[PDB]
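Residue numbers (the numbering used here): 735 to 940.
Note that CB positions come from ideal geometry on N, CA and C, so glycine has one too.
See below for the structure under consideration.
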């Protein structure tokens with residue numbers, strides 16, 4: 735499957751793509767404003783994620799640091815990134831179907847649209863100004879708006895026992911971005927697409 739990752743933001747981002755235990759494609763790349771990066775993701779990939787990282791410094795070896803979404807200091811991510819990270823999440827060719835969503839369960843850094851470029855399903859978006867409206871207790875100094883689990887580490891926010899409800903914090907994300915997951919047990923906003931669809935992830939779509 736082909737993913738085109740497009741940076742429409744006015745600032746540079748460092749895109750990242752991983753399935754948690756390996757890179758997808760090259761795993762990461764710098765995208766200046768307007769740049770597009772096309773990756774190939776193997777059919778059958780389960781639990782893939784794409785995100786943006788902000789304010790990164792890398793040396794010639796591809797080692798460094800980012801203020802949001804850092805994935806153990808690497809340009810080419812092998813693992814998932816440090817919150818806050820708006821997430822494009824996907825599982826491909828699962829019994830004939832692809833499953834896509836956007837999640838704010840690990841917080842929000844950059845607005846995102848995640849849409850098919852082929853036929854048969856709709857896209858999803860979270861493009862509200864979550865950082866500007868972020869509750870004081872969730873604001874991340876390096877930038878972004880953390881989720882409550884990251885900040886407070888409670889069973890309720892992290893849904894550790896498999897039973898939890900919505901919270902004042904989860905409701906904040908959900909009010910601004912209804913089509914994204916706001917907590918672990920949120921009513922799913924997953925979209926079902928045809929198996930072997932192709933996609934575009936746009937940072938700063940509006």
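The DSSP-derived three-state label of residue 918 is coil.
The closest CA to that of residue 764, considering only 778, 787 and 782, is found on 787. Distances from the alpha-carbon of residue 828 to those of 767, 781 and 791 put 781 closest. The secondary-structure analysis by DSSP pairs residue 902 with nothing; it has no beta-bridge partner. If you ignore the 5 residues before and after residue 777, its C-beta comes within less than 7 Å of the C-beta of 735, 826, 827 and 930, all in its own chain and listed in chain order. With respect to residue 939, residue 847 sits close: the two C-beta atoms are nearer than 7 Å.
Taking 7 Å as the cut-off, the beta carbon of residue 875 is found no closer than this to the beta carbon of residue 843. Membership of residue 886 in the alpha helix (DSSP H) is indicated by the continuous run 882-886. Bridge pairing for residue 831: 828 and 928 [DSSP]. Within a 10 Å sphere around the beta-carbon of residue 804 sit 16 or more other beta-carbons, which makes this residue buried. Shortest Cα-Cα distance from residue 856 to any of 834, 841, 766 and 863 involves 834. A direct Cα-Cα distance of roughly 31 Å separates residue 750 from residue 899. Take the alpha-carbon of residue 748 and the one of residue 784: they are about 11 Å apart.
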